[PDB]
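Some notes on the structure that comes next.
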Amino acid sequence: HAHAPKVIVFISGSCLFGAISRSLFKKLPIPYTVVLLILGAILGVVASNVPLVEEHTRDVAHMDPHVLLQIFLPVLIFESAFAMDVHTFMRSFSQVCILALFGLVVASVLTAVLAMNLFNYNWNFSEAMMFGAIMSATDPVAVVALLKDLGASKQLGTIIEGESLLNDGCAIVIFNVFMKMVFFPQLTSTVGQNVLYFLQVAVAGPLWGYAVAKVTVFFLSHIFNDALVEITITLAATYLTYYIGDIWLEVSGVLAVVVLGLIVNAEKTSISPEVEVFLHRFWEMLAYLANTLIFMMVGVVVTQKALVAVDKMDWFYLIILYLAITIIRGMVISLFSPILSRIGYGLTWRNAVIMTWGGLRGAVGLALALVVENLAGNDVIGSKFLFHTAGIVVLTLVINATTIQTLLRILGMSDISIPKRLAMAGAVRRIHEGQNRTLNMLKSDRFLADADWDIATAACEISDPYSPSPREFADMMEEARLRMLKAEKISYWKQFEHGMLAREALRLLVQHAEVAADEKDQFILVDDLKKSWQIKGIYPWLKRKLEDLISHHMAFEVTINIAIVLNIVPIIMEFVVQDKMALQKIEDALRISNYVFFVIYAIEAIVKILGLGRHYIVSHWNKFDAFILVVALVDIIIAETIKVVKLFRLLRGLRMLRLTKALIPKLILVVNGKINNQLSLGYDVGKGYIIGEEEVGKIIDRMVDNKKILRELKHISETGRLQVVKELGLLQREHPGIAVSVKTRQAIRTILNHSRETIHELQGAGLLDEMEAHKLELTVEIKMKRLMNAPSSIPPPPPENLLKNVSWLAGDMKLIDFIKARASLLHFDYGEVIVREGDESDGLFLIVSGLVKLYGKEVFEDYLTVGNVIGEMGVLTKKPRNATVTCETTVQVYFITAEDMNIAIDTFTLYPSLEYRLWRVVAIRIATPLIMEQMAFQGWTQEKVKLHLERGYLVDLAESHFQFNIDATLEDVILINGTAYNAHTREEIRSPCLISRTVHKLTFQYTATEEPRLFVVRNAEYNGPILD
């Protein structure tokens, strides 16, 4: 029937035309949007003659301005804000802000000045400012894609994209300001109201967006196993933010949406990953639909009613205007360069040329031009506006967008760096070799012997897409430095791929490594890393002040807070109503409520005095509460009989003020969260640097040739590691609870990661069904998300709980009581020596608080902190101290004398014997470096080695005093203590040593003073006899 929704046809047709254009013009330089404009023009000239087609284009080609703005702009702005890398955007926030705001102002003003003078149109400054704002908006989606692919600079892409976003947002604000002056003029008003309006649009808008964003990310972090709710909440939050901002609050909706998108992007962790990957594509699709629709409408309407009033002189104006805007953008960038080169990422002239030439115009400008076209009606201003906007869009998409690819080549930015070319060539060669191996495997298959191999080998091909003298010693120094930095980069990437680093920490470490590589003689400086864990002083100061500020039934204060929350609505409503109506009976009804609240507060007084008596008035909070109570009594009495300023105005304020007693704790939580978000990054960066240094120091050991170069590199590595360890140890002292929270979160994250890996292994091997594995995965996922809601500060466990959790005491209640009954807590001051080299191994130390320096043979200078234990080797092997222990802070330490430990060893024996557990804990630590040195030239990290060893066990060596080695079942064999010799060659192995694969059979002897111990790891599956 005639009532059908004909716009559906136009929307679907726009989708089909977009698909066709993106398919045909994929490899050509001309972007598909120009083809969409041409198709829209063809459709418009057809509709002008075929009446049937008009009906199917009328309802959308003549859409109302407000519908256009409210439906499309939220999509485009939110997609732009949500797609980009916010952290890099914030790391270059000053450059982007200076340009997108001040440069936008100057560019739009200069464009307006040009329009008022060059054009024969007698435009006033308001219309000229509308013209300038429309044409200062930018849409660099193509240029940013080219930069991202070619990798000239990842930061340049973010700078250009963020400038486009903030320029788009502020170009809509300016157009809104000047649209009212041109099409909705009003009586002139005061500078006071102008300032109020400026605040409303520029300051309140971002705050409204921030509030909605925080509420949204709050609710998102509590939604579990419900993707649809997350997606719908994102959609509704965006659209309601824009709508409530523009229509109800009259704040700048576009800026609110910008802030909302940026915040929701930064807080991505509150969104389940499978919903994040969906949302990215969802908003990309919505933006694509919006762009296609806008271009089709522009073509249709510009051919229908714009080009019918275009004069021969306008084209000259269009060309001059294109040149003018290009020159203006270049001049703005050059003029501000003296400032921008000194902040953020800096600038270089080639980057300036790229940023100037890449200023493509797009959908936002055309949407605003359509708004002007619709609002102007019969005035030629609308036709001229749309003509010039479309002309500039076409020229930039035909000239700039096509030549940008070649300009990157001319400016020397499209070149692929040699490291990337070598890596890609190696990867391609490896892929080809693997394909050859698979082909040889298949050619032996009986069921594939008749395959047409000429087609198969051709189809699967993957091709390269990029197709002691003084000088000599310094050259070797540079070689070693560069190769060390390369190894460190590889190590950081490997750490990230296993979840041991956050992407931010990985980025920091890699960026520092690359910065060092280009500069002369630079190794990664710890002083530059130090910025990652420097807590800004504002937050500790706020925490201390608030804790001072805040510092009997549990339900009472909650009840009173609820009472005040119930107060505020009646109290605020009553008096605005009383003023607005001037019924009196309604006024009386609300007035009566004061007595109810006064009764509640009298009950408060009675029941608080019940537990405090005269001491009630000591606390300042109680003093203020008493003041408000007495003032309420005064208000009632003066109500029975200058009236307003006491009765009515104080109720509004004194109520809402006394709520802060509950707010202060939540601000403490917020400050704790802010400190945590920095301390976690600091720990991640420091630990990543430590682990990378440990690995690379065992790569370089036989990868740089000359010994002196190796010694310099090792010295630098050690002097970095020690500083990082000391700094991270002192961080724990400054903020103990936040450090405990960080470390517990890391522990849970690692446990869940490995549990997920076991679930996937069980699924792949078929021991668990394809359905139930998903159920366990869902449980793991919901457990992972609840970490984001974990408290930012966890009170540090008391010392007895640290003793309860030592590795070799866990779960053995009787031994836990035995040690707890005999361990004595010794307190030591700064600079004291707990034990010294050569001292008899008189006992163990478990550090419950503080930091200690280990020094000994100057070769070994490590530090240890809370939770670490000292002296296990001494107590087990009865040999003097290996290092001197010095207190770098006030230190508490559980001391267990060696005699009590020997008694415990004697008295506690089972299959997991206490001596066995101690020796196992020592053996893993001894073996980890030993296995590292052999496999550092292969693809396993430190955590892989430690997990590989955890599967192992310690040989009894008394049930069989000789060890027979079987390659088919043993991955590695390590001698931890004592001496061993091969039964065949009688060659003695006299140190911590990996038993060489060539050895068949080890043998030993009974020498009590040096009784040997041996460690072994069986292959993934050796169902044979275990002999722990």
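Positions of Cβ are generated from backbone atoms using ideal geometry, with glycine treated the same way; all protein chains shown enter the neighbour counts. Throughout, read-outs are computed from the coordinates displayed, never taken from laboratory work.
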query = Along the charge dipole of the chain, which of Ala502, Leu37, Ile636 sits closest to the positive end, that is, farthest toward it, with unit charges on the beta carbon of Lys, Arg, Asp and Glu (+1, +1, -1, -1)?
reply = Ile636
request  = Please give the residues of the stretch 922-953, grouped as numeric ranges, whose backbone N is less than 13 Å from a label point set 7 Å along the Cα-to-Cβ vector of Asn882.
outcome  = 922-930
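If you place +1 on the Cβ of every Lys and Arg and -1 on the Cβ of every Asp and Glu, how big does the dipole about the Cα centre of the stretch 837-878 come out, in debye to the nearest 20?
Details: 3 positive and 8 negative charges, 26 e Å.
Dipole magnitude for the stretch 837-878 comes out near 120 debye.
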ask   = Which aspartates and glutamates have a Cα lying under 20 Å from the Cα of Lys545, excluding residues fewer than 8 positions away in the same chain?
value = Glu734
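If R0 is 25 Å, what FRET efficiency do you get for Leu659 and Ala582 from their C-beta distance, rounded to 0.05? Don't skip to the answer; put the middle values down first.
On the way: r = 30 Å, r/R0 = 1.21.
Using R0 = 25 Å, I get an efficiency of 0.25.
Computed FRET efficiency, Cβ-Cβ of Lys545 and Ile782, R0 41 Å: what is it to the nearest 0.05? Walk me through the numbers on the way to the answer.
Values: r = 37 Å, r/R0 = 0.91.
Rounded to the nearest 0.05, the efficiency is 0.65.
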note = Once amide hydrogens are built 1.01 Å from N within the peptide plane, the residues lying 5 or more places from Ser913 or on another chain with amide H under 5 Å from its amide H are none
ask   = If you place +1 on the Cβ of every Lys and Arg, -1 on the Cβ of every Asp and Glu, and leave all else neutral, what size is the dipole of the chain about its Cα centre, to the nearest 20 Debye?
value = 1900 debye
Calculated from backbone phi, Karplus (6.51, -1.76, 1.60) coupling profile of the stretch 386-391 in Hz, x at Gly/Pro = 5, 4, 5, 4, 5, x
ask   = Add -39500 (n - 2.57) for each DSSP H run of 4 or more in the chain, then divide by its residues: what number comes out at 222 nm, to the nearest 500 deg cm²/dmol?
value = -21500 deg cm²/dmol
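Can you compute the charge dipole magnitude of the stretch 731-839 about its Cα centre, using +1 on each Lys and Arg Cβ and -1 on each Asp and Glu Cβ, nothing else charged? Give it in debye, rounded to the nearest 20.
Magnitude of the dipole: close to 360 debye.
Under the classification rounded if a/c is under 1.5, otherwise prolate if a/b is larger than b/c and oblate if not, where does the stretch 893-975 fall, given a ≥ b ≥ c as square roots of the Cα gyration tensor eigenvalues? Walk me through the numbers before you get to the answer.
Values: a/c = 2.98, a/b = 1.49, b/c = 2.00.
In terms of gyration-tensor shape, oblate.
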remark   = When the charge dipole of the chain is computed with +1 on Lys and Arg Cβ and -1 on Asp and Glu Cβ about the Cα centre, the Cα farthest towards its positive end, among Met130, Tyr916, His280, belongs to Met130
ask   = Each label point is 7 Å from the Cα along the Cα-to-Cβ direction; what then is the distance between the points at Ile903 and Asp464, in nm?
value = 7.3 nm
inquiry  = Suppose each label sits 7 Å from its Cα in the direction of the beta carbon; what would the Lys1001-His760 distance come out to in nanometres?
reply    = 4.4 nm
key: Projected-area average for the stretch 723-765 over all orientations - Cα convex hull basis, square nanometres   = 3.7 nm²
Approximate spin-label separation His222-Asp311, in nm, with each point projected 7 Å along Cα-to-Cβ = 6.4 nm
remark   = One finds the C-alpha centres of the stretch 506-539 and the stretch 132-183 to be spaced, in Å, by 31 Å
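Which shape class, rounded, prolate or oblate, goes with the stretch 100-234 when its Cα gyration tensor gives a ≥ b ≥ c as root eigenvalues, a/c under 1.5 marks rounded, and past that a/b bigger than b/c marks prolate?
Working: a/c = 2.80, a/b = 1.37, b/c = 2.05.
The shape class here is oblate.
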note = The rounded separation in angstrom of the Cα centers of the stretch 933-963 and the stretch 726-772 is 23 Å
request  = Give the long-range amide H neighbours of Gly843: residues separated by 5 or more places, or on another chain, with amide H under 5 Å away, using H modelled in the peptide plane at 1.01 Å from N.
outcome  = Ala898
ask   = What do you get for Rg/Rh of the stretch 240-382 when both radii come from the Cα atoms and Rh is the Kirkwood radius?
value = 1.04
task = Using a cut-off of 11 Å between beta-carbons, work out the net charge of the residues near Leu366 (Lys and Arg +1, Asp and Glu -1, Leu366 not included).
result = -1
request  = Of the options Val558, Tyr1022, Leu146, report the single residue whose Cα projects farthest towards the positive end of the charge dipole of the chain (beta-carbon charges: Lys, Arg +1; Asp, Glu -1).
outcome  = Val558
key: Amide proton proximity set for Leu1014, modelled H, under 5 Å, gap of 5+   = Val955, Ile976
query = Per the Kirkwood definition applied to all pairs of different Cα atoms, how many angstroms is the hydrodynamic radius of the chain?
reply = 35.4 Å
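How high is the FRET efficiency from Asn378 to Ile320, r the C-beta distance, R0 22 Å, rounded to 0.05? Working shown, then result.
On the way: r = 27 Å, r/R0 = 1.23.
Plugging the Cβ-Cβ distance into 1/(1 + (r/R0)^6) gives 0.25.
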remark   = Among the stretch 971-988, those whose backbone N falls under 19 Å of a label point 7 Å along Cα→Cβ from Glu950 are 971-972
key: Euclidean distance between Cα centres, the stretch 218-283 to the stretch 349-375, Å   = 26 Å
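Using alpha carbon coordinates only, what is the Rg to Rh ratio of the stretch 461-613, with Rh defined as the Kirkwood radius? Could the numbers behind the result be given before it?
Details: Rg = 34.1 Å, Rh = 23.8 Å.
Rounded to two decimals, Rg over Rh is 1.43.
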task = List the residues of the stretch 178-205 whose backbone N lies under 15 Å from a point placed 7 Å from the Cα of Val215 along the Cα-to-Cβ direction.
result = 205
